[PDB]
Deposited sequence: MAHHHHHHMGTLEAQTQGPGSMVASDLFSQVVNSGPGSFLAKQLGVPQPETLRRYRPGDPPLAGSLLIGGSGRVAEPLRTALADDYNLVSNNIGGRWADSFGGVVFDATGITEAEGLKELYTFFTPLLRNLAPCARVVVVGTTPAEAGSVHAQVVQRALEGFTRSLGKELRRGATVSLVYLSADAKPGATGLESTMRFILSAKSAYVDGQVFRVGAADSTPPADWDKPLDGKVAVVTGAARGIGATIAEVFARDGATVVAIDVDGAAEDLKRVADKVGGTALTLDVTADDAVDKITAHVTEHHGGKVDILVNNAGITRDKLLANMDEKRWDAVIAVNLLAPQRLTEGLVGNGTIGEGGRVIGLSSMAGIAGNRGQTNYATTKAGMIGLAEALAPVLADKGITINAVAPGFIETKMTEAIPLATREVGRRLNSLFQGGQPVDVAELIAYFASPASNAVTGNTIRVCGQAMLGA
């Protein structure tokens, strides 16, 4: 039977149980220190006695440098798995493999992904697995890791499973309130009149953001309703229009102090057709909306300073961009291009204090061939986007993370 997944609501504790952090690397102790107040931390013990089920189990693998040392994964996890609660979170933290410092160490840190993806296919009742890599150059405090662990170790990550998160070397500052992490931020969401975009607006506003909801003229009525519901503003415009950057710039100058902290390139279309049967309009329309427009909005709003230091850009990719899909040579090209935008701009935007990442949804109820045996919800996608958008996620850039319940499909 498919598990009814717990999802986030204000005031509900992050985990449905205790948090055990172990392993003998460089992140276990600073992570225990950082999470002790908001989580119910418990220590490991040889007797295998714990009053509560584990809501979260984190293994710090950053100290493993030899294949003989991989046995620590086995000895740590085997006594703990039967105490996992439904919808528990299992996380392994390693070192970015190319930075691990020796051939042997790079081999074992790379091997961790085989372990985590397999373990995810063994967990039951909605529990998920995650692999987080941390740069070898992060400071001892590992503050740049905190927003990633807090996203994973919460109900917000309910439909993210089997994924790899890649954290760089930079220190982070926490938001004033981890429960309102986007407080004071101005967020532009394209395609916000319906679907995933409308839910992104709601989750952003839940987290304290001021949302500029963008959609086409034909959706003006629904767009205003979304904007009013979230306490934000509605901007009707076609993202392919020549003056799109001008219009967004004028709008946030008029209403929101002249800046954009978060840009979500969510607007998109499909024109499905086998390539042998496709005409030019079906190709061109899809490239214009799904690839040219996100590139132009991102470069234009960074280029005129509207998005500045602390900025966050998130693009909507798709599993079709990663695995391909019959009838979608146009669409999948644009969604692989959205990954390309994150990967190509990440070093360029890092000089400006801006991150850029991509989310690749799988099956979103807008089904069963995944570890959670169910389809995702729009809120599950919006939560991953909000994680990237956090002011505390400054050390997370160039990532593509799938929100798919650990779907079988992929590359």
Gaps in the model, given as deposited-sequence positions counted from residue 1:
1-47, 414-427
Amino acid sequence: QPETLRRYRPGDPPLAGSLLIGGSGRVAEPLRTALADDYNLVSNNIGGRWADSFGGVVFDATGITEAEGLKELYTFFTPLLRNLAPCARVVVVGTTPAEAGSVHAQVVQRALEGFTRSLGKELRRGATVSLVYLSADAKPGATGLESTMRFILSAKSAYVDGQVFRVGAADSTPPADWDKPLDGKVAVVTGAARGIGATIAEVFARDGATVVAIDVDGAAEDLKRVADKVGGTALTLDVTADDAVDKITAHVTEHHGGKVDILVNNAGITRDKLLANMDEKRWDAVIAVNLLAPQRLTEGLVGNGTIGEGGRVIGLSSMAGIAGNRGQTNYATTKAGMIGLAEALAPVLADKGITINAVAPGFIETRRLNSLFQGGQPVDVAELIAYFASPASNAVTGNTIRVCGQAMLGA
From here on, numbers count along this sequence of modelled residues.
With respect to the recorded C-alpha B factors, which stretch has the higher mean value, 389-397 or 17-25?
17-25
If you take the mean CA temperature factor per stretch, which one wins between 354-362 and 375-383?
375-383
Looking at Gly101, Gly208, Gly303, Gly340, which has the highest CA B-factor as recorded?
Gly101
Based on what the PDB entry reports, which of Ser130, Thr96, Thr173, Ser154 has the top C-alpha B-factor?
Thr173
Chain thirds by Cα B factor, record data; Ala169 belongs to the middle
When the deposited Cα B-factors of this chain's modelled residues are ordered and cut into thirds, is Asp60 in the lowest, the middle or the highest one?
lowest
Going by the recorded CA B-factors, say which third of the chain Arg312 sits in, lowest, middle or highest.
middle
For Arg125, the third of its chain by CA B-factor is the highest
Select lowest, middle or highest to describe the third in which the CA B-factor of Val260 falls within its chain in this entry.
middle
